[PDB]
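Remarks on the structure that follows.
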Ligand SMILES: *[C@@H]1O[C@H](CO)[C@@H](O)[C@H](O)[C@H]1NC(C)=O
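Numbering (PDB author numbering), first residue to last: 55 to 81, 81A, 82 to 95, 95A, 96 to 116, 116A to 116C, 117 to 123, 125 to 263, 263A, 264 to 268.
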């Protein structure tokens, strides 16, 4: 009291993305510090990578509480399918997905340009994560996103990242040759994040407003 946040089997990635095995951590109160195991099992259910992961762990050492803000409600994506799930993130024998993320896919045999924006009027700096899906092959690319030749652009006043998916056969991990590469940014108060993609975007539905700052950290 104030108690630590013990992640148990969950990694910081699993917690923030909302790996379904980490559902116990969907809403957490203020903590004194964060306790993570040396090699947590529950991280990226759909396999992949997380850019600047150590730097995110260092930022979390100075955060003592988050408030999840619904920055991009799933219903806003009216021209895309948002129900996308995988057996890699299965819940009760059914395909599912990261709780805080949205897999945008083709709807009615079309993937029109996906655009979304959020103005940080939350009252504090906000951590936002998004992903890029790197399929296993061109057949997978066309099935999910209609065509080969796509991009994912994310921008703020301090960020300009415009990614191209890498289509490549890979050894199966968690039943998948595809990979999802996640990145993060800190959106300043009153700044706007803009998302634009012609395919392969794993959009956040939530952002994490930094509600309490303080020293102690991550064990
Ligand atoms: C974001 O919201 C703040 C509200 O205080 C406003 O000052 C600013 O104009 C907004 N950004 C845009 C792009 O409208």
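The C-beta atom is built at its ideal place from N, Cα and C for all residues, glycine as well.
Can you give, in chain order, each stretch of the beta strand (DSSP E) that sits fully within the stretch 222-260 and has at least 3 residues?
229-237, 242-247 and 251-254
*asked:* For ligand 2, I want to know if residue 127 counts as a neighbour, meaning its beta carbon is within less than 7 Å of at least one of the ligand's heavy atoms.
replied: This structure lacks ligand 2; its bound ligands are ligand 1.
Query - Buried or exposed (CB count within 10 angstroms, at least 16 for buried), residue 84 - result: buried
What does residue 115 pair with, by DSSP beta-bridge criteria?
263
* According to the neighbour-count rule (16 or more other Cβ atoms, all chains shown, within 10 Å of its Cβ), is residue 253 buried or exposed? -> buried
Would you give the residue range spanned by the beta strand (DSSP E) that residue 153 belongs to? 151-153
Q | Residue environment, residue 122, which counts as buried when at least 16 other CB atoms sit within 10 Å | A | exposed
For this session: Indicate, with yes or no, if ligand 1 has a heavy atom lying under 7 Å from the CB of residue 244.
Result: no
Best match in 133, 55 and 241 for proximity to residue 150 [C-alpha to C-alpha]
133
On the DSSP bridge list, what partners appear for residue 180? 233
- Query: In the structure shown, what three-state DSSP assignment does residue 125 receive?
  - Reply: helix
Problem - Any 3 or more C-beta pairs closer than 8 Å across the stretch 136-146 and the stretch 179-199 - result: no
Check: Going by C-alpha distance, which of 107, 220, 250 and 179 is nearest residue 257?
Finding: 179
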